[PDB]
Amino acid sequence: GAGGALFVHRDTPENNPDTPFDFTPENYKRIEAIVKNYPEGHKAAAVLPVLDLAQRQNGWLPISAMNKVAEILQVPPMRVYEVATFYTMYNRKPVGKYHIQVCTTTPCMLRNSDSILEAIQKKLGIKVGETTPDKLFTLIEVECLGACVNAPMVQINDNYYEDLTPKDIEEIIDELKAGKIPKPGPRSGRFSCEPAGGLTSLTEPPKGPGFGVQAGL
Amino acid sequence: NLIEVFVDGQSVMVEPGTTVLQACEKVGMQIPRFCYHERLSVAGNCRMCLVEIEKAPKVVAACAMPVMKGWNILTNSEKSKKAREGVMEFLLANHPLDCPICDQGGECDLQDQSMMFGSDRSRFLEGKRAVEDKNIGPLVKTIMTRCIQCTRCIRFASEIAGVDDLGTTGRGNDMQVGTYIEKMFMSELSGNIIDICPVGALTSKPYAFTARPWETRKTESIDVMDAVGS
Amino acid sequence: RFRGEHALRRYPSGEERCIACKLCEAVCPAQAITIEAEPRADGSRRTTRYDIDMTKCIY
Amino acid sequence: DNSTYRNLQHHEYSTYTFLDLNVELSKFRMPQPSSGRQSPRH
Amino acid sequence: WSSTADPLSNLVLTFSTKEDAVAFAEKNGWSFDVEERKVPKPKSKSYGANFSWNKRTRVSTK
Amino acid sequence: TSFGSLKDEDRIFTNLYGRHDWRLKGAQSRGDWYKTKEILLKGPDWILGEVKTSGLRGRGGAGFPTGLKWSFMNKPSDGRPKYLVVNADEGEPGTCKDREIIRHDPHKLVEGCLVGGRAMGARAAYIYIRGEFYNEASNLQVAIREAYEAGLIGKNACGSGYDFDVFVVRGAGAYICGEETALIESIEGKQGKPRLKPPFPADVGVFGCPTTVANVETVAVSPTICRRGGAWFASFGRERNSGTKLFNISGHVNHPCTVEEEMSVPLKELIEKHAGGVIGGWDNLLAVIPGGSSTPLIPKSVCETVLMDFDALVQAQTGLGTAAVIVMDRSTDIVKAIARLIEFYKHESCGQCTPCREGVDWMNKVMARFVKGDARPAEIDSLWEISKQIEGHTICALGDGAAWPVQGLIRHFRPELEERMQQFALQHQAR
Ligand SMILES: Cc1cc2nc3c(=O)[nH]c(=O)nc-3n(C[C@H](O)[C@H](O)[C@H](O)COP(=O)(O)O)c2cc1C
Ligand code: SF4
Ligand code: SF4
Ligand code: SF4
Ligand code: SF4
Ligand code: FES
Ligand code: FES
Ligand SMILES: [Mg+2]
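Chains as they are written, first to last, in the UniProt record's numbering: chain H, 33 to 249; chain Z, 30 to 259; chain B, 96 to 154; chain Y, 382 to 423; chain A, 114 to 175; chain W, 30 to 460.
Encoded structure:
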């Protein structure tokens, strides 16, 4: 299945090197804290954190933001473009306020993840790669997100909503559009990856310090 | 001091750090390649140079694997031949049918190495990939559907010409080579990417369609446009 | 299958089929074909000279 | 008590939580090693 | 068409050795200019140099 | 001898399920950060010997002797920095154990980083965490700040005179960047394409310095092994497969969960006990993938008597991998599931080298035709051949892991492929 997103840039009035972008002073402090996590002479190691910070500030990554990151880090703009186009978490196009990312890999596909996707599509009236007319919600499919035992699940702006049902995801979307922030985590009454029937392990209080310590150690 | 390696059982003394490709070159065997250039850095991505070591269950990239003492390199073994055939099969599976309309024509490394090391038949029953063409100036014509993503132009551009405007955007089968922006790769050493590109993706624009390699007569002279004496 | 006088064909749209690839010139036993080409006004790979010496051709 | 989820601190984080934590950790760090040059292009 | 009046325009001979070619030219009486064979000089290659800690051989892309 | 029924007094990863406090106070209420200074004073050789005696193997895929790897990195200094890179790019489909460790035992992770760094003589440890786990990374940073404030890490760590730093690097979404050399390339602000070996990471790693890449579970279980023995850890498990393991049972199972068990527990017992068994009962089982997408599948016949173990699963034409147990019951489209896995591999392909790039796209297309029967039985052997041409001829192991599920499907469910092709031929010929 084709992604539908191109990997070439055409200048537009809404996206061109003259688009105004610059880091806030707080973000410049964050950048200067980030850069010195790496040895001297290897400032290029901060490309991913600085680009992520730029995306967090601006909402997405224009070519002006890419050029600004390249100028700040003294790295080639083509290298910045390579990183931005390689990594899929970077938005090179404007997205909605809430970026729903439904995981559709096999462990999530075995459970009714297609039901979750269809419920989202009917609730918002958009396709699997479109954005709501009020620029409020964007819906995409993604690969495994690391919460397979809590399938099916979605990610909406670095928050995991797990053990979902169509009613649960519809309620989450309603809460998001109302203004409230839903609590991330499983929606089936579980707190974490524990079995739903009951704890089959770690049922007794943990042993204290120095429990099975070696003689010499 | 020199270490003794073996190519097809023939002894050869090579300096430490010498590669399998260079050992075969010393014994007179040119291992097939698409991404390896001796003037450029080692990439090891086209995977065309895979050869078999006598006791190694796994094939090694001859362009990037330093030889060890007492290594026997089986250049014409069944595993090496099958590896070359598979790599060429992938290359031609995604390559386009442009040979007659392509200026690379009879001087193409893909054609020659397909005739010498690859199979004579295709098992690809799917559709092919078509790539949008870029524009990097009035000298180099780009038809990027023929690119095999060998990164010779990128490495040459950066290392030799000191210009870092070539690279790969995207990933996977959709990985593309270009500038990602409408930028002309203008430099005094821009035609050497035409030379080093093994395929017709990068071709001379002034020379386009004019002739074919077998017709041309070669006159070995020198250059007068400057005082280097090229 | 009869081999008589030569002809250059066209596509049904009227465009010439020949793409100046010089395979016929390369394969001609008697070297009866002379071909010279260049990019056209619209950028097509088309011939400017396509000669066949019918007194040299062996048909 | 082993019946309450104690990992509830993460329903408060914001966009810059990770980077603010990184900024706070700056004081505790140690001097970085140097390659002897400002950049590989130098 | 391209005309010619030189019989030896297309004549190219193949020899296994510079000495053999020189002997043939001398016994056939033509003048000759000899060009010494140019072989590429050996080059030291290393894939690990692409990631040097302190040298300029570190590459910015792969 | 039998294996399983691990005791809570012996489970390494307490606070799993997040039912206790994960802070420094909560971790210190358990055995975390106990005599760490004494371990550091005992030094590198003692820690390496303890790990070797424990016989721990890599917990993030290919199981290699961690003692051997850290001894590889135990060479004398040559004027360059030393780094431990902790892999937390849990991109394998089926795996959540690293997420649980990071979110619930970050101090265990940090103590393991310190112990491993002392063993390897490392100045710093970069924990490369995937960008989707933002809350997990934030909890990890909070725990690291607590450790720095308490003086457990930093200069004069634990009051031992050893300087050791712990940084957290958040990546973007790249299952290929999950790979160790791609991890290293991504840390350096590059695309994240795996390198060729040699040079090995223990000699030329991130920034060109000696680095050792180790899994979150491995480094987290290191300090527990150090404080305890390693005769104990070797006692848990088979002879060459020792210790405990985190299993993520998911899919068509009654109770999908993450649990800790012994390294040779039978798969049937694990599923029936910690996961409630298959949804329609054990007789409703169709196939199981025991190590995530990379490992092939096994039918119910193999799953009836098999041990969740490295060698045991190798003898079953499979692999343990990350011990991610995906269960598929009789009422599933196995061809569609394997095709979705292959599509995942097509999307999560770095595209650097020709075999994996072109062949994985080709296999994705062939499988997409297979799931609807729009193919011929003569293409099954062709698909097997192209999968074998991908495997072993690639720069990294993603190409190999993209062919093993195809090989497993072709090996165990060829009749289903042929029957679906026959059904499609009947459907289209009726027109
Ligand atoms: C979270 C994680 C993801 C990994 N993903 C991949 C992958 O996509 N491809 C691959 O070939 N190896 C992958 N690996 C394996 C690494 O290449 C390497 O073997 C491992 O990180 C070393 O850790 P260990 O010594 O604890 O096994 C992964 C490892 C981990 C821990
Ligand atoms: S690059 Fe080579 S193989 Fe490709 S169309 Fe041109 S001549 Fe043919
Ligand atoms: S354009 Fe040519 S030289 Fe550049 S990567 Fe493609 S095939 Fe190689
Ligand atoms: S050059 Fe000759 S062979 Fe080629 S397209 Fe023209 S007529 Fe055909
Ligand atoms: S096998 Fe695939 S993911 Fe690995 S280096 Fe090659 S192209 Fe990249
Ligand atoms: S398969 Fe969906 S979270 Fe892993
Ligand atoms: S020539 Fe060695 S992999 Fe390309
Ligand atoms: Mg060319």
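Each residue gets a CB set at the ideal place from its N, CA and C atoms; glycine is no exception.
Candidates the options: closest to residue i by CA position
{"i": "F162/W", "options": "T241/W, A352/W, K137/W, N116/W", "result": "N116/W"}
{"i": "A240/Z", "options": "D132/Z, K170/Z, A72/Z, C128/Z", "result": "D132/Z"}
{"i": "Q390/Y", "options": "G217/H, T164/H, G244/H, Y122/H", "result": "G217/H"}
{"i": "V152/A", "options": "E54/Z, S216/Z, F63/Z", "result": "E54/Z"}
{"i": "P242/Z", "options": "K234/Z, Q39/Z, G134/Z", "result": "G134/Z"}
{"i": "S106/W", "options": "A151/W, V195/W, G33/W", "result": "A151/W"}
{"i": "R369/W", "options": "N393/W, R443/W, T383/W", "result": "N393/W"}
{"i": "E217/Z", "options": "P235/Z, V192/Z, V88/Z", "result": "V192/Z"}
{"i": "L400/Y", "options": "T235/H, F53/H, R62/H, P165/H", "result": "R62/H"}
{"i": "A201/W", "options": "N144/H, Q89/H, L177/H", "result": "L177/H"}
{"i": "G234/W", "options": "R109/W, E79/W, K81/W, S416/W", "result": "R109/W"}
Any non-hydrogen atom of ligand 1 closer than 7 angstroms to residue i Cβ
{"i": "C382/W", "result": "no"}
{"i": "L427/W", "result": "yes"}
Unbroken beta strand (DSSP E) run spanning residue i, endpoints
{"i": "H131/H", "result": "130–135"}
{"i": "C176/Z", "result": "Element bounds for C176/Z: n/a, residue is neither H nor E."}
{"i": "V36/Z", "result": "32–36"}
{"i": "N141/A", "result": "Not the beta strand (DSSP E): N141/A falls in the alpha helix (DSSP H), residues 131–141."}
{"i": "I128/B", "result": "128–134"}
{"i": "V435/W", "result": "Taken as a continuous stretch (DSSP letters only), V435/W belongs to no beta strand (DSSP E), being part of the alpha helix (DSSP H) at 433–441."}
{"i": "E289/W", "result": "286–291"}
{"i": "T232/Z", "result": "231–233"}
Boundaries of the alpha helix (DSSP H) in which residue i is found, first to last residue
{"i": "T210/W", "result": "209–216"}
{"i": "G272/W", "result": "Element bounds for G272/W: n/a, residue is neither H nor E."}
{"i": "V206/Z", "result": "Here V206/Z belongs to no alpha helix (DSSP H); instead the beta strand (DSSP E) covers 205–207."}
{"i": "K100/H", "result": "95–105"}
{"i": "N221/Z", "result": "221–225"}
Same chain only: Cβ atoms within 8 angstroms of residue i, ignoring 5 sequence neighbours per side
{"i": "residue 5/H", "result": "Residue 5/H lies beyond the residue range present for chain H, which begins at 33 and ends at 249; the question has no answer from this structure."}
{"i": "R405/W", "result": "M450"}
{"i": "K234/Z", "result": "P167, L168, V169, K170"}
Other residues of its chain near residue i: CB distance less than 7 angstroms, five sequence neighbours each side excluded
{"i": "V115/H", "result": "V79, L80, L83"}
{"i": "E202/H", "result": "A151, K155"}
{"i": "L275/W", "result": "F42, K126, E246, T287, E289, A352"}
{"i": "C382/W", "result": "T423, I424"}
{"i": "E217/W", "result": "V235, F236"}
{"i": "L446/W", "result": "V364, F399, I409"}
{"i": "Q456/W", "result": "none"}
Residue i Cβ short of 7 angstroms to ligand 6 heavy atom set
{"i": "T137/H", "result": "yes"}
{"i": "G178/H", "result": "yes"}
Proximity test, residue i beta-carbon vs ligand 4 heavy atom, cut-off 7 angstroms
{"i": "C64/Z", "result": "no"}
Any non-hydrogen atom of ligand 7 within 7 angstroms of residue i CB
{"i": "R184/Z", "result": "no"}
{"i": "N163/A", "result": "no"}
Cβ neighbours of residue i in the same chain (closer than 6 angstroms, five flanking residues each side left out)
{"i": "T210/W", "result": "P223, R224"}
{"i": "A138/A", "result": "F145"}
{"i": "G430/W", "result": "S323"}
{"i": "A432/W", "result": "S416, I419, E420"}
Any non-hydrogen atom of ligand 2 within 7 angstroms of residue i CB
{"i": "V206/Z", "result": "no"}
Any non-hydrogen atom of ligand 3 within 7 angstroms of residue i CB
{"i": "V228/Z", "result": "yes"}
Proximity test, residue i beta-carbon vs ligand 5 heavy atom, cut-off 7 angstroms
{"i": "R410/Y", "result": "no"}
{"i": "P230/W", "result": "no"}
{"i": "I177/Z", "result": "no"}
Residue i Cβ short of 7 angstroms to ligand 8 heavy atom set
{"i": "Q133/Z", "result": "yes"}
(request) For the segment 209–267 of chain W, list the alpha helix (DSSP H) runs that are entirely contained and at least 4 residues long, ordered along the chain. (result) Taking 4 residues as the minimum length, the alpha helix (DSSP H) runs contained wholly in the segment 209–267 of chain W are 209–216, 245–256, 260–264, in order along the chain.
(message) Restricting to runs no shorter than 4 residues, where is the alpha helix (DSSP H) found entirely within the segment 41–125 of chain Z?
(response) Runs found: 49–55, 107–123.
(message) Quick check on the DSSP output: what are the complete beta strand (DSSP E) runs of length 3 or more inside the segment 172–208 of chain H, in order along the chain?
(response) Segments of the beta strand (DSSP E) lying fully in the segment 172–208 of chain H: 186–188, 192–194.
(message) List, from N- to C-terminal side, the beta strand (DSSP E) runs of 3 residues or more that fit wholly inside the segment 110–165 of chain H.
(response) Listed in chain order, they are 130–135.
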